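A single chain, nothing else alongside it, follows as structure tokens in the form deposited in one PDB entry.
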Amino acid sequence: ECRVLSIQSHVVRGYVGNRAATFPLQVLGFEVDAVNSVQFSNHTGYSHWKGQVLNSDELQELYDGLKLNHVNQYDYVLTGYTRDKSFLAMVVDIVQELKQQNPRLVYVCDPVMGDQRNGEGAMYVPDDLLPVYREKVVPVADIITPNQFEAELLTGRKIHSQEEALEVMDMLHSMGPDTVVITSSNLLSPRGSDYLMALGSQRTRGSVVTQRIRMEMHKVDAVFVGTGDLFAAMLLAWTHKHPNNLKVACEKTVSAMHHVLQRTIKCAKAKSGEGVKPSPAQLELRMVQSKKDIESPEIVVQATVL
């Protein structure tokens, strides 16, 4: 039995934050405890949204409830989008304390910054969260999934090539996490300009061996919300099943991603009128219908070892 504490947004309709992470982890066999950092009607890709936010004091009370009952034993912690630095600082305190009674606990973190759509009713992540991610979060995180933009902010460097990316990833390793994945970048894939390139690095174990990989997936003709949340949740699951093989973990995670996205776009175009661009409501991830692909994804991508 593996127990995950996931602290992310909750939307009534659709998939983002905890909605995008819970179902996948459950069908894969993980026990998921979900703290909903906010509760909104839907994500920010729609024209309207309403809801309420949970403050750091409220998050503390919920955790204390678990502590008072002596049920605060976790194997994993999972976090993502946050637009509140005080909330984030509270998350760090909770993780450190959890790692105290279980030094084997793995903290998976997606350090979201910028203007990514989300389920917390925000248009942007405050610039002041950067120092908190750099100095408090990353140092205690074991697996991080920054996109290029985020990897550059965290290291103060700019990536202009594949070589600089590996250097940036090494710096991230020195900051703390043994597994780093740059989920997307603007690096032109040598396979074509329509493929999105992803890079992965894993320090295993006197000399620590580093396993580096690169992957490429063809872009999809649409804008989706919650894909970063789904990606991190499935990577958690597969790295747990393949602890020393980042290659297989990523191939399964990226393949699953492909199956869900393809089914989603196909359904969206079928529900929209002819020659009409699908709306955000029509583009919600087809989560429930992709159950089998999530459980056992047909491999459609091959990672090359660098």
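C-alpha atoms forming the largest set that superposes within 1.5 Å between two forms make up the rigid core. Quick note: we count residues from 1 along the sequence shown, nothing fancier.
- Message: Neighbours in the displayed sequence, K158 and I159 may still hide a gap; how many deposited residues lack coordinates there, none, 1 to 3, 4 to 9, or 10 or more?
- Response: Gap size class: none, per the record.
- Which has the higher mean CA temperature factor in the PDB entry, 188 to 196 or 130 to 138? Between 188 to 196 and 130 to 138, it is 188 to 196 that shows the higher mean C-alpha B-factor.
- Which of the two stretches, 224 to 232 or 116 to 124, shows the higher mean Cα temperature factor in the record? In the deposited entry, the stretch with the higher C-alpha B-factor mean is 116 to 124.
- Message: Can you tell me which of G45, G51, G273, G65 has the maximum CA B-factor listed in the PDB entry?
- Response: The listed residue with the largest C-alpha B-factor is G273.
- Message: Could you place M171 in the lowest, middle or highest third of its chain by Cα temperature factor, using the values in the record?
- Response: Within its chain, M171 is a highest-third residue by C-alpha B-factor, going by the deposited values.
- Mind checking which third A151 falls in for C-alpha B-factor across the chain? Answer is highest: the recorded C-alpha B-factor places it there.
- Message: Going by the CA temperature factor in the PDB record, which third of the chain does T79 belong to: lowest, middle or highest?
- Response: It belongs to the lowest third of the chain when residues are ordered by C-alpha B-factor.
- Task: Grab the CA temperature factor for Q8 from the record and place it in the lowest, middle or highest third of its chain.
- Result: As the PDB entry reports it, the C-alpha B-factor of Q8 lands in the lowest third of its chain.
- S56 - which third its CA temperature factor falls in, relative to the rest of the chain: Middle third - that is where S56 ends up once the chain's C-alpha B-factors are sorted.
The same protein has a further form, the form deposited with a small molecule bound, not shown here; the description that follows concerns it.
- Counting only heavy atoms and a 4.5 Å cutoff, which of 270 to 278, 38 to 46, 240 to 248, 55 to 63 contacts the small molecule in the deposited bound form? So the stretch in question is 38 to 46.
- Query: Only one of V137, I144, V225, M169 has a non-hydrogen atom within 4.5 angstroms of the small molecule in the deposited bound form; which is it?
  - Reply: Going through each option in turn, the one that passes is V225.
- Task: Answer with yes or no whether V112 is in contact with the small molecule in the deposited bound form, where contact means some heavy atom within 4.5 Å.
- Result: Because a heavy atom of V112 falls inside 4.5 Å of the small molecule in the deposited bound form, the answer is yes.
- Message: Can you tell me if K85 lies within 4.5 angstroms of the small molecule in the deposited bound form, counting non-hydrogen atoms only?
- Response: Result no; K85 lies far from the small molecule in the deposited bound form.
- Task: Considering only heavy atoms, tell me if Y133 and the small molecule come within 4.5 Å of each other in the deposited bound form.
- Result: No, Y133 stays farther than 4.5 Å from the small molecule in the deposited bound form.
- Message: Can you tell me whether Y107 touches the small molecule? I mean in the deposited bound form, with a 4.5 angstroms heavy atom cut-off.
- Response: Residue-level check for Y107: no, no contact with the small molecule.
- Message: Can you tell me which of these residues, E163, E135, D115, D128, is the one whose C-alpha shifts by at least 2 angstroms between this form and the one not shown after a rigid core fit?
- Response: Among the listed residues, the outlier is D115.
- Closer or farther in the deposited bound form: C-alpha pair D115, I182 (3 angstroms or more): Closer together, by at least 3 Å.
- If the CA atoms of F224 and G119 move by 3 Å or more in the deposited bound form, do they move toward each other or away, so closer or farther than here? Residues separate in the deposited bound form, at least 3 Å farther apart.
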